[PDB]
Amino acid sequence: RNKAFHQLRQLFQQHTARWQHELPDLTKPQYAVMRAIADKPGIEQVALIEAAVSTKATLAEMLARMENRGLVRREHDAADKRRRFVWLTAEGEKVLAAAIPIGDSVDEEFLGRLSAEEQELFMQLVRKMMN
């Protein structure tokens, strides 16, 4: 179709499908969460919605499953047990470190068909469409 956002879902689904084959137990939302926890340990669970793209509900179920698999650990505010702080466990660290090159490689199967200038320009368009 000639619809930009239809072709967008085409590209996004192909990337997701390749991601699923390569990382069957770590989806892109789960991977992004873990990336965001690594470069900000103790990040607030609420601040992790922007840093990972999600809703409060989806992040809650995600973090529960990751907590259930020993990938992350969480601590609460003593004054407001609603707010939570999230860290990556040593097991989660190992999972994340191994997944980064695989994710980069899945990105590269698509980004690699673009020049560095084209990749940068794709990024400025996507950012201009958001802000």
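Numbers follow the displayed sequence, beginning with 1. If you superpose the two forms and keep the largest set of C-alpha atoms that fall within 1.5 Å, you have the rigid core.
For 74-82 versus 51-59, the mean Cα distance to the shown form in 5 other deposited structures of this protein after rigid core alignment is larger for 51-59. Once the C-alpha B-factors are averaged per stretch, 93-101 and 59-67 rank with 59-67 first. Note on 29-37 vs 71-79: mean CA B-factor is higher in 71-79. Sort the chain's modelled residues by C-alpha temperature factor and residue 7 lands in the lowest third, per the entry. Sort the chain's modelled residues by C-alpha temperature factor and residue 15 lands in the lowest third, per the entry.
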